[PDB]
$ cat my_file-v1.txt   # compact mmCIF, C-alpha atoms and all ligand atoms
# COMPACT_ATOMS: atom_id res chain seq x y z
CA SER A 1 91.48 42.09 70.93
CA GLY A 2 94.57 43.47 72.62
CA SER A 3 95.48 46.23 75.04
CA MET A 4 96.65 49.69 74.03
CA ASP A 5 100.34 50.23 74.76
CA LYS A 6 103.23 52.56 73.86
CA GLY A 7 103.58 50.94 70.43
CA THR A 8 99.96 51.31 69.37
CA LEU A 9 99.07 54.94 70.21
CA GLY A 10 102.51 56.20 71.24
CA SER A 11 104.40 59.23 69.99
CA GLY A 12 107.30 58.44 67.68
CA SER A 13 106.10 55.21 66.08
CA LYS A 14 104.36 53.94 62.97
CA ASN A 15 101.18 51.84 62.72
CA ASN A 16 99.54 54.39 65.02
CA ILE A 17 95.81 54.78 65.59
CA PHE A 18 95.68 58.50 64.77
CA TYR A 19 98.27 58.09 62.01
CA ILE A 20 96.28 55.39 60.21
CA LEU A 21 93.08 57.38 60.83
CA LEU A 22 94.66 60.41 59.14
CA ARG A 23 96.05 58.34 56.27
CA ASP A 24 92.77 56.57 55.48
CA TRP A 25 90.24 59.34 56.16
CA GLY A 26 90.68 63.12 56.27
CA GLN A 27 92.97 64.91 58.69
CA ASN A 28 90.11 66.71 60.47
CA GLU A 29 88.87 63.39 61.89
CA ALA A 30 92.28 62.67 63.45
CA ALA A 31 92.25 65.78 65.66
CA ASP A 32 88.60 65.40 66.73
CA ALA A 33 89.35 61.93 68.12
CA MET A 34 92.62 62.93 69.82
CA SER A 35 90.89 65.16 72.39
CA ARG A 36 88.08 62.65 72.97
CA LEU A 37 90.59 60.23 74.51
CA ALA A 38 92.06 62.97 76.73
CA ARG A 39 88.58 63.47 78.19
CA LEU A 40 87.71 59.78 78.59
CA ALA A 41 90.90 58.18 79.92
CA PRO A 42 91.98 60.66 82.65
CA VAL A 43 88.62 60.87 84.46
CA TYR A 44 88.32 57.08 84.55
CA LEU A 45 91.90 56.81 85.81
CA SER A 46 91.16 59.36 88.54
CA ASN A 47 88.01 57.52 89.60
CA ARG A 48 89.87 54.18 89.52
CA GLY A 49 92.92 55.11 91.57
CA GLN B 1 101.09 124.93 110.01
CA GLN B 2 101.67 121.96 112.30
CA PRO B 3 105.38 121.08 112.64
CA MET B 4 106.17 117.76 110.96
CA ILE B 5 106.63 115.29 113.81
CA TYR B 6 109.47 112.78 113.43
CA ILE B 7 110.56 109.92 115.69
CA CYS B 8 114.12 108.80 116.41
CA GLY B 9 115.53 105.28 116.35
CA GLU B 10 117.52 105.31 119.59
CA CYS B 11 115.39 107.32 122.03
CA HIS B 12 112.13 107.40 119.99
CA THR B 13 111.49 111.05 120.81
CA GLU B 14 108.95 112.93 118.69
CA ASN B 15 110.65 116.16 117.64
CA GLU B 16 110.16 118.56 114.73
CA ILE B 17 112.35 119.82 111.90
CA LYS B 18 111.80 123.52 111.29
CA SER B 19 113.47 124.38 107.97
CA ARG B 20 116.82 123.33 106.46
CA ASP B 21 118.25 122.10 109.75
CA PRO B 22 121.01 119.59 110.58
CA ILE B 23 119.12 116.29 110.58
CA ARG B 24 119.82 114.95 114.08
CA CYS B 25 118.27 114.38 117.51
CA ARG B 26 118.13 116.87 120.38
CA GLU B 27 118.43 114.12 123.03
CA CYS B 28 121.02 111.70 121.60
CA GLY B 29 123.59 112.02 118.82
CA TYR B 30 121.79 109.71 116.40
CA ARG B 31 121.57 111.02 112.84
CA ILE B 32 118.62 108.95 111.54
CA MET B 33 114.93 109.71 112.06
CA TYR B 34 111.69 107.92 111.17
CA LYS B 35 108.14 108.97 110.31
CA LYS B 36 104.77 108.51 112.01
CA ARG B 37 101.81 106.57 110.63
CA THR B 38 99.15 108.38 108.63
CA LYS B 39 95.99 109.51 110.42
CA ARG B 40 93.68 108.67 107.50
CA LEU B 41 91.31 105.70 107.16
CA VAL B 42 92.56 102.84 104.96
CA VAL B 43 90.25 99.92 104.13
CA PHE B 44 91.47 96.32 104.11
CA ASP B 45 90.05 93.01 102.92
CA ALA B 46 89.64 89.99 105.21
CA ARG B 47 89.20 87.48 102.37
CA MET C 1 105.63 83.57 112.93
CA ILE C 2 102.47 83.15 115.01
CA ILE C 3 100.49 79.94 115.52
CA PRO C 4 97.76 79.71 112.84
CA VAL C 5 94.24 80.27 114.12
CA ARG C 6 92.83 77.40 112.03
CA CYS C 7 94.27 74.27 110.47
CA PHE C 8 95.28 74.26 106.82
CA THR C 9 93.75 70.93 105.75
CA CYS C 10 90.52 70.46 107.71
CA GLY C 11 90.05 73.88 109.27
CA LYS C 12 90.02 73.08 112.98
CA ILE C 13 90.90 75.93 115.34
CA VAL C 14 94.43 75.17 116.53
CA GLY C 15 95.34 78.70 117.64
CA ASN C 16 93.71 78.48 121.09
CA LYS C 17 96.05 75.81 122.50
CA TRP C 18 99.55 77.19 121.83
CA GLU C 19 100.01 78.81 125.24
CA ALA C 20 98.39 75.78 126.88
CA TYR C 21 100.76 73.49 124.97
CA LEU C 22 103.71 75.61 126.14
CA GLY C 23 102.53 75.56 129.76
CA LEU C 24 101.98 71.79 129.56
CA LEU C 25 105.49 71.08 128.22
CA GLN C 26 106.97 72.31 131.52
CA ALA C 27 104.98 69.93 133.77
CA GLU C 28 107.30 66.99 132.94
CA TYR C 29 105.08 65.90 130.05
CA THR C 30 106.10 64.22 126.81
CA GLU C 31 105.30 65.92 123.51
CA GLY C 32 102.91 63.08 122.69
CA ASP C 33 101.39 63.31 126.17
CA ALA C 34 100.65 67.02 125.73
CA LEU C 35 99.36 66.44 122.19
CA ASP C 36 96.94 63.66 123.15
CA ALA C 37 95.90 65.40 126.38
CA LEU C 38 95.06 68.74 124.74
CA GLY C 39 92.56 67.10 122.40
CA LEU C 40 94.41 66.46 119.15
CA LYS C 41 93.86 62.90 117.91
CA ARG C 42 94.59 62.97 114.16
CA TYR C 43 97.91 64.07 112.63
CA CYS C 44 96.78 66.71 110.13
CA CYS C 45 95.80 69.08 112.97
CA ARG C 46 98.67 67.91 115.20
CA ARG C 47 101.79 69.18 113.41
CA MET C 48 100.49 72.76 113.63
CA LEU C 49 101.60 72.92 117.28
CA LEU C 50 104.34 70.26 117.21
CA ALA C 51 106.34 71.63 114.26
CA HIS C 52 106.04 75.37 114.83
CA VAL C 53 108.65 78.09 115.33
CA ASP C 54 108.14 81.28 117.35
CA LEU C 55 109.92 84.21 115.70
CA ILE C 56 107.71 87.08 116.91
CA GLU C 57 109.29 86.58 120.33
CA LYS C 58 112.71 87.30 118.82
CA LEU C 59 111.18 90.09 116.71
CA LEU C 60 109.89 91.99 119.76
CA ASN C 61 113.41 92.54 121.13
CA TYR C 62 114.12 94.67 118.04
CA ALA C 63 110.70 96.32 118.23
CA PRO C 64 110.46 100.05 119.05
CA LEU C 65 110.05 100.58 122.79
CA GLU C 66 109.20 103.84 124.54
CA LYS C 67 111.60 105.69 126.84
CA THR D 1 99.74 66.55 103.50
CA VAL D 2 100.57 64.94 100.14
CA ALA D 3 98.59 62.27 98.29
CA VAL D 4 100.58 60.47 95.59
CA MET D 5 97.89 59.73 93.00
CA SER D 6 96.71 60.95 89.61
CA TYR D 7 93.92 63.53 89.51
CA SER D 8 91.55 64.67 86.76
CA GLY D 9 94.01 66.21 84.31
CA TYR D 10 96.41 68.63 85.97
CA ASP D 11 99.34 66.59 87.32
CA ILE D 12 101.08 66.33 83.93
CA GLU D 13 104.85 65.98 83.83
CA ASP D 14 105.56 68.42 86.70
CA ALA D 15 102.19 70.06 87.46
CA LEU D 16 100.89 69.78 91.03
CA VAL D 17 97.36 70.29 92.36
CA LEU D 18 96.55 72.63 95.25
CA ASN D 19 93.65 72.80 97.70
CA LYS D 20 91.52 75.94 97.43
CA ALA D 21 90.36 75.68 101.05
CA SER D 22 93.96 75.34 102.26
CA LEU D 23 95.09 78.30 100.15
CA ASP D 24 92.26 80.36 101.64
CA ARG D 25 93.25 79.21 105.14
CA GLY D 26 96.71 80.55 104.39
CA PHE D 27 99.02 77.77 103.17
CA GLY D 28 101.86 79.45 101.29
CA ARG D 29 101.36 83.17 101.95
CA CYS D 30 104.29 85.24 100.68
CA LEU D 31 105.41 88.85 101.13
CA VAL D 32 107.63 90.95 98.85
CA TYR D 33 109.57 93.98 100.09
CA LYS D 34 110.99 96.49 97.60
CA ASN D 35 113.33 99.40 98.34
CA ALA D 36 113.07 102.89 96.84
CA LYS D 37 115.90 105.22 97.86
CA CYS D 38 116.60 108.78 96.74
CA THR D 39 119.61 110.94 97.58
CA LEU D 40 119.67 114.70 97.09
CA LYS D 41 122.65 117.01 97.42
CA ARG D 42 124.02 120.51 96.78
CA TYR D 43 126.36 121.79 94.06
CA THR D 44 129.58 123.80 93.78
CA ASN D 45 127.45 126.94 93.35
CA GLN D 46 124.61 128.03 95.64
CA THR D 47 122.02 126.09 93.64
CA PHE D 48 120.01 123.51 95.55
CA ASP D 49 117.13 121.02 95.38
CA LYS D 50 113.70 121.33 96.99
ZN ZN E 101 116.89 110.10 119.71
ZN ZN E 102 93.43 69.81 111.10

$ encode --input "my_file-v1.txt" --output "structure tokens"
Amino acid sequence: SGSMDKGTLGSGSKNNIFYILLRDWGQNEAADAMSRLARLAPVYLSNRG
Amino acid sequence: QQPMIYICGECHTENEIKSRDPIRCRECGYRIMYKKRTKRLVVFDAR
Amino acid sequence: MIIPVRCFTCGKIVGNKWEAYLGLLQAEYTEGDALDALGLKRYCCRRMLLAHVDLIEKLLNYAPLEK
Amino acid sequence: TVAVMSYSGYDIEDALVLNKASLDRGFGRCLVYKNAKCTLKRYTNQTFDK
């Protein structure tokens, strides 16, 4: 449930997706999932308008 | 060999400078001269 | 300086109507009348002739001329 | 002609996207002119330059 906003995956905030991912699991898994979003969101936004 | 041809900027007359001469024009009193374009073949790109 | 031969966006030849556009602006024609009589219908290939300055005409007065 | 919309990935904070066809047609052609001047003189003696 919920929509992703500036407080969930934003820069300069706690309770972050990548932050919790790096705290729970290893730090290598946090960087591999940061570039996957930058390849999924922008193309869909460009094709949406 | 061939005298170096130079053009003026007021009368555009093609004269020649022989050797260590006062740089001027023989028609007018203008003291600046120009040069001719080279007679070689330069290649250009149309891209 | 000179009217572009082709358009920037689409690529339609717009450089063959500059002199015709000039000669048609002196027959008591409106800018829009000349632009829609020449053949231009859309606006991407219309501002090539409308908004264009001619500086080569002023640059030929300073050009070297033979005596 | 400008189209205010996001593109694939290259309009980040101030980046702008160009059109390759328009750039080839000649949108934004620039020319640079540099000057190279050289003066040459005599001296108080009879020495010279050549
Ligand atoms: Zn002269
Ligand atoms: Zn056009």

$ residues_near_ligand --input "my_file-v1.txt" --ligand "ligand ZN 101 (chain E)" --cutoff "9 Å" --atoms "only C-alpha atoms and all ligand atoms" --output "ChimeraX atom specification"
/B:7-15,24-33

$ write_last_selection --input "my_file-v1.txt" --atoms "C-alpha atoms" --output "PDB file, keeping the file's coordinate frame"
ATOM      1  CA  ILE B   7     110.560 109.920 115.690  1.00  0.00           C
ATOM      2  CA  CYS B   8     114.120 108.800 116.410  1.00  0.00           C
ATOM      3  CA  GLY B   9     115.530 105.280 116.350  1.00  0.00           C
ATOM      4  CA  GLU B  10     117.520 105.310 119.590  1.00  0.00           C
ATOM      5  CA  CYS B  11     115.390 107.320 122.030  1.00  0.00           C
ATOM      6  CA  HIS B  12     112.130 107.400 119.990  1.00  0.00           C
ATOM      7  CA  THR B  13     111.490 111.050 120.810  1.00  0.00           C
ATOM      8  CA  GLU B  14     108.950 112.930 118.690  1.00  0.00           C
ATOM      9  CA  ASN B  15     110.650 116.160 117.640  1.00  0.00           C
ATOM     10  CA  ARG B  24     119.820 114.950 114.080  1.00  0.00           C
ATOM     11  CA  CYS B  25     118.270 114.380 117.510  1.00  0.00           C
ATOM     12  CA  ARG B  26     118.130 116.870 120.380  1.00  0.00           C
ATOM     13  CA  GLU B  27     118.430 114.120 123.030  1.00  0.00           C
ATOM     14  CA  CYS B  28     121.020 111.700 121.600  1.00  0.00           C
ATOM     15  CA  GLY B  29     123.590 112.020 118.820  1.00  0.00           C
ATOM     16  CA  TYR B  30     121.790 109.710 116.400  1.00  0.00           C
ATOM     17  CA  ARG B  31     121.570 111.020 112.840  1.00  0.00           C
ATOM     18  CA  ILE B  32     118.620 108.950 111.540  1.00  0.00           C
ATOM     19  CA  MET B  33     114.930 109.710 112.060  1.00  0.00           C
TER      20      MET B  33
END

$ closest_atom_pairs --input "my_file-v1.txt" --of "chain D" --to "ligand ZN 102 (chain E)" --cutoff "12 Å" --atoms "all atoms listed in the file" --output "tab-separated table"
residue	atom	partner	partner_atom	distance
D:1	CA	E:ZN102	ZN	10.4
D:22	CA	E:ZN102	ZN	10.4
D:25	CA	E:ZN102	ZN	11.1

$ write_last_selection --input "my_file-v1.txt" --atoms "C-alpha atoms" --output "PDB file, keeping the file's coordinate frame"
ATOM      1  CA  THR D   1      99.740  66.550 103.500  1.00  0.00           C
ATOM      2  CA  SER D  22      93.960  75.340 102.260  1.00  0.00           C
ATOM      3  CA  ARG D  25      93.250  79.210 105.140  1.00  0.00           C
TER       4      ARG D  25
END

$ closest_residue --input "my_file-v1.txt" --among "D:38, D:6, D:24, D:44" --to "chain B" --atoms "all atoms listed in the file"
D:24

$ residues_around --input "my_file-v1.txt" --residues "region 29-43 of chain A" --least-positions-apart "3" --cutoff "9 Å" --atoms "all atoms listed in the file" --output "ChimeraX atom specification"
/A:17-22,25-26,46-48 /D:6-9

$ atom_distance --input "my_file-v1.txt" --atom1 "CA of residue 17 (chain D)" --atom2 "CA of residue 11 (chain C)"
18.8 Å

$ interface_residues --input "my_file-v1.txt" --of "chain C" --to "chain D" --cutoff "9 Å" --atoms "all atoms listed in the file" --output "PyMOL selection string"
chain C and resi 4+6-11+44

$ decode --input "my_file-v1.txt" --residues "region 19-46 of chain A" --atoms "N, CA and C atoms" --output "PDB file, in the first residue's frame"
ATOM      1  N   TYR A  19      18.261   3.103   2.524  1.00  0.00           N
ATOM      2  CA  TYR A  19      18.895   3.124   3.839  1.00  0.00           C
ATOM      3  C   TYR A  19      18.566   1.864   4.631  1.00  0.00           C
ATOM      4  N   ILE A  20      17.285   1.494   4.689  1.00  0.00           N
ATOM      5  CA  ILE A  20      16.898   0.283   5.406  1.00  0.00           C
ATOM      6  C   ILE A  20      17.452  -0.953   4.706  1.00  0.00           C
ATOM      7  N   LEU A  21      17.516  -0.924   3.372  1.00  0.00           N
ATOM      8  CA  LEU A  21      18.088  -2.047   2.635  1.00  0.00           C
ATOM      9  C   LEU A  21      19.567  -2.224   2.962  1.00  0.00           C
ATOM     10  N   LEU A  22      20.287  -1.116   3.152  1.00  0.00           N
ATOM     11  CA  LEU A  22      21.705  -1.200   3.486  1.00  0.00           C
ATOM     12  C   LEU A  22      21.907  -1.569   4.951  1.00  0.00           C
ATOM     13  N   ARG A  23      20.965  -1.192   5.817  1.00  0.00           N
ATOM     14  CA  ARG A  23      21.100  -1.522   7.232  1.00  0.00           C
ATOM     15  C   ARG A  23      20.790  -2.993   7.489  1.00  0.00           C
ATOM     16  N   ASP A  24      19.757  -3.525   6.833  1.00  0.00           N
ATOM     17  CA  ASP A  24      19.394  -4.925   7.030  1.00  0.00           C
ATOM     18  C   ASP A  24      20.377  -5.850   6.319  1.00  0.00           C
ATOM     19  N   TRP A  25      20.454  -5.743   4.993  1.00  0.00           N
ATOM     20  CA  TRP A  25      21.359  -6.574   4.208  1.00  0.00           C
ATOM     21  C   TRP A  25      22.697  -5.872   4.013  1.00  0.00           C
ATOM     22  N   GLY A  26      23.536  -6.404   3.120  1.00  0.00           N
ATOM     23  CA  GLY A  26      24.821  -5.817   2.821  1.00  0.00           C
ATOM     24  C   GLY A  26      24.669  -4.522   2.037  1.00  0.00           C
ATOM     25  N   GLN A  27      25.770  -3.776   1.962  1.00  0.00           N
ATOM     26  CA  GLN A  27      25.787  -2.498   1.263  1.00  0.00           C
ATOM     27  C   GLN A  27      25.879  -2.645  -0.250  1.00  0.00           C
ATOM     28  N   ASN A  28      26.298  -3.810  -0.749  1.00  0.00           N
ATOM     29  CA  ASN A  28      26.384  -4.003  -2.193  1.00  0.00           C
ATOM     30  C   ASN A  28      25.000  -4.105  -2.820  1.00  0.00           C
ATOM     31  N   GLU A  29      24.019  -4.599  -2.063  1.00  0.00           N
ATOM     32  CA  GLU A  29      22.659  -4.712  -2.572  1.00  0.00           C
ATOM     33  C   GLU A  29      21.935  -3.373  -2.613  1.00  0.00           C
ATOM     34  N   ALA A  30      22.446  -2.359  -1.911  1.00  0.00           N
ATOM     35  CA  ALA A  30      21.802  -1.049  -1.925  1.00  0.00           C
ATOM     36  C   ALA A  30      22.131  -0.287  -3.203  1.00  0.00           C
ATOM     37  N   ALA A  31      23.355  -0.446  -3.708  1.00  0.00           N
ATOM     38  CA  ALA A  31      23.776   0.241  -4.923  1.00  0.00           C
ATOM     39  C   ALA A  31      23.290  -0.447  -6.191  1.00  0.00           C
ATOM     40  N   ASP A  32      23.073  -1.763  -6.151  1.00  0.00           N
ATOM     41  CA  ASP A  32      22.567  -2.478  -7.316  1.00  0.00           C
ATOM     42  C   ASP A  32      21.100  -2.177  -7.575  1.00  0.00           C
ATOM     43  N   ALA A  33      20.355  -1.793  -6.542  1.00  0.00           N
ATOM     44  CA  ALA A  33      18.947  -1.460  -6.682  1.00  0.00           C
ATOM     45  C   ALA A  33      18.709   0.035  -6.815  1.00  0.00           C
ATOM     46  N   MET A  34      19.757   0.853  -6.719  1.00  0.00           N
ATOM     47  CA  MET A  34      19.588   2.290  -6.898  1.00  0.00           C
ATOM     48  C   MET A  34      19.591   2.666  -8.374  1.00  0.00           C
ATOM     49  N   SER A  35      20.386   1.965  -9.182  1.00  0.00           N
ATOM     50  CA  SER A  35      20.419   2.188 -10.621  1.00  0.00           C
ATOM     51  C   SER A  35      19.297   1.476 -11.359  1.00  0.00           C
ATOM     52  N   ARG A  36      18.684   0.461 -10.745  1.00  0.00           N
ATOM     53  CA  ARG A  36      17.567  -0.219 -11.390  1.00  0.00           C
ATOM     54  C   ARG A  36      16.339   0.682 -11.457  1.00  0.00           C
ATOM     55  N   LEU A  37      16.137   1.518 -10.442  1.00  0.00           N
ATOM     56  CA  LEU A  37      15.058   2.495 -10.469  1.00  0.00           C
ATOM     57  C   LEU A  37      15.293   3.596 -11.493  1.00  0.00           C
ATOM     58  N   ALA A  38      16.545   4.029 -11.667  1.00  0.00           N
ATOM     59  CA  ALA A  38      16.867   5.074 -12.631  1.00  0.00           C
ATOM     60  C   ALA A  38      16.753   4.586 -14.069  1.00  0.00           C
ATOM     61  N   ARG A  39      16.567   3.281 -14.271  1.00  0.00           N
ATOM     62  CA  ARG A  39      16.335   2.763 -15.612  1.00  0.00           C
ATOM     63  C   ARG A  39      14.882   2.361 -15.820  1.00  0.00           C
ATOM     64  N   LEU A  40      14.110   2.249 -14.737  1.00  0.00           N
ATOM     65  CA  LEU A  40      12.708   1.865 -14.856  1.00  0.00           C
ATOM     66  C   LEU A  40      11.785   3.079 -14.845  1.00  0.00           C
ATOM     67  N   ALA A  41      11.995   4.010 -13.914  1.00  0.00           N
ATOM     68  CA  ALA A  41      11.104   5.159 -13.779  1.00  0.00           C
ATOM     69  C   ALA A  41      11.188   6.127 -14.961  1.00  0.00           C
ATOM     70  N   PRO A  42      12.385   6.564 -15.387  1.00  0.00           N
ATOM     71  CA  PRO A  42      12.436   7.611 -16.424  1.00  0.00           C
ATOM     72  C   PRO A  42      11.846   7.205 -17.767  1.00  0.00           C
ATOM     73  N   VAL A  43      12.055   5.961 -18.206  1.00  0.00           N
ATOM     74  CA  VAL A  43      11.520   5.540 -19.502  1.00  0.00           C
ATOM     75  C   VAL A  43       9.996   5.502 -19.458  1.00  0.00           C
ATOM     76  N   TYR A  44       9.438   5.008 -18.349  1.00  0.00           N
ATOM     77  CA  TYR A  44       7.987   4.988 -18.203  1.00  0.00           C
ATOM     78  C   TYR A  44       7.424   6.402 -18.143  1.00  0.00           C
ATOM     79  N   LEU A  45       8.129   7.315 -17.472  1.00  0.00           N
ATOM     80  CA  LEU A  45       7.678   8.702 -17.417  1.00  0.00           C
ATOM     81  C   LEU A  45       7.722   9.345 -18.797  1.00  0.00           C
ATOM     82  N   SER A  46       8.750   9.022 -19.583  1.00  0.00           N
ATOM     83  CA  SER A  46       8.856   9.573 -20.929  1.00  0.00           C
ATOM     84  C   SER A  46       7.758   9.031 -21.835  1.00  0.00           C
TER      85      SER A  46
END
